[PDB]
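Have a look below at one chain only, the form solved without (3R)-thiolane-3-carboxylic acid (XH7), in C-alpha cells format.
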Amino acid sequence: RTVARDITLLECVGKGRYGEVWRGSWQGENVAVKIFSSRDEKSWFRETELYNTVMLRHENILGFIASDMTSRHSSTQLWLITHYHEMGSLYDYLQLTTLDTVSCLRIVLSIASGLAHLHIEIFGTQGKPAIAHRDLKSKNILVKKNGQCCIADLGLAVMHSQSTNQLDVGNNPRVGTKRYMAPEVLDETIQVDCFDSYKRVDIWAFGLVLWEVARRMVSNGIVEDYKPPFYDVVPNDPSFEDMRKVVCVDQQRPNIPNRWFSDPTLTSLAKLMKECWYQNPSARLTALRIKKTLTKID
C-alpha cells in the first residue's frame, strides 16, 4: 500500500556518499525515506533482502515500511521507506541535550538489545539467521519517543546459520565507517570466513557508541561536550592510515574522564566500554553479555 509515488518529500534531513535521507508525508503521517546514491546501490539490495526476505523486525531496529523503485529525472531511484523518529539520530540528539542516569542507561541498553537481536539466530522453520551489522555508529542509531533507540542501516549485514554453517557476506564494495573500524580490520588480520569475526567488529563499534553516550551523562554537576570517537587524534573524514596509527600502532583508545570514577554508573560503564576494546578480538564481551550487564547496572 505504501509506495514511493504516494510519498511527498518534505525536507532533506541527511546527505552523504550513501545518498539522501528525506522526511516524507504519506497520508499525513511522517515517514523516513533514504534515496540511495548510484554508488551505494548494492546496500539498497542488501537492506531490501534483510527487510523483505529475512523480514527483520524488532523494537530496537529501525522500523521498515517498504522497498520501492521510482523513475524520476530520467533515472531510477532506489528507496527504503521506514518509520520517522522526531528525535532524530543519536548523533544529533547527544549534541542537543545531556542525560541523567536513567536516560543514559535506557539508551545504551536499548542499543545492546537491538544488537543482541541481530547477533542471535532463531532456529526452526523460517528462523531468522544470525546477523552482524558492520557499520554501527551514532549516526546509524535513532532515538524514539520512549527514550529507547533503534539500529538502522543494514547495507553491510552479514548472515550466518549454525545448521548449514552457511556464511553469507553478500557482495558490496562499501566499506564501514573508518572512524569506527576495529583494529583487526585496520591491519587486515580479521578472519573473513568466520562469522564470529563480524560480531566482534560490532562489539568494538558498540563500545565506541557507549563512550559517546556516557560522556553526556551528568554526574555531580559535570558533563563532557559531545565528541566523536578519536576526535583528538584524527581529522574529519579520517583516512585508513590515520586510524591504524591511532588504533593499531599507538594502541590508543577513547580516554575515560576522571570524573567518571566519582559515579558508580559511569565507573561500571567505563569498565564495560573497555571490555569491548581489546586488541584481541576474542577477548571482547558478547552482545548478550553486554545486554545482561547493562540490565543490572543502575
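Residue positions are given as counts along the sequence shown, with the first one as 1.
Form deposited with (3R)-thiolane-3-carboxylic acid (XH7) bound: not shown, discussed below.
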*Using the partner position in the deposited complex, report whether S219 sits within 4.5 Å of (3R)-thiolane-3-carboxylic acid (XH7), counting heavy atoms only.*
no
*in the deposited complex, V102 touching (3R)-thiolane-3-carboxylic acid (XH7) (heavy atom, 4.5 Å)*: no
_Partner proximity in the deposited complex: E41 to (3R)-thiolane-3-carboxylic acid (XH7), non-hydrogen atom cutoff 4.5 Å_ = yes
*Please check if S113 has a heavy atom lying within 4.5 Å of any heavy atom of (3R)-thiolane-3-carboxylic acid (XH7) in the deposited complex.*
yes
*From the list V223, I120, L109, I190, which entry has a heavy atom within 4.5 Å of (3R)-thiolane-3-carboxylic acid (XH7) in the deposited complex?*
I120
_Listed residue (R253, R259, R244, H58) with a non-hydrogen atom within 4.5 angstroms of (3R)-thiolane-3-carboxylic acid (XH7) in the deposited complex_ = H58
*If we take heavy atoms and a 4.5 Å cut-off, which stretch out of 42 to 50, 259 to 267, 244 to 252, 227 to 235 is in contact with (3R)-thiolane-3-carboxylic acid (XH7) in the deposited complex?*
42 to 50
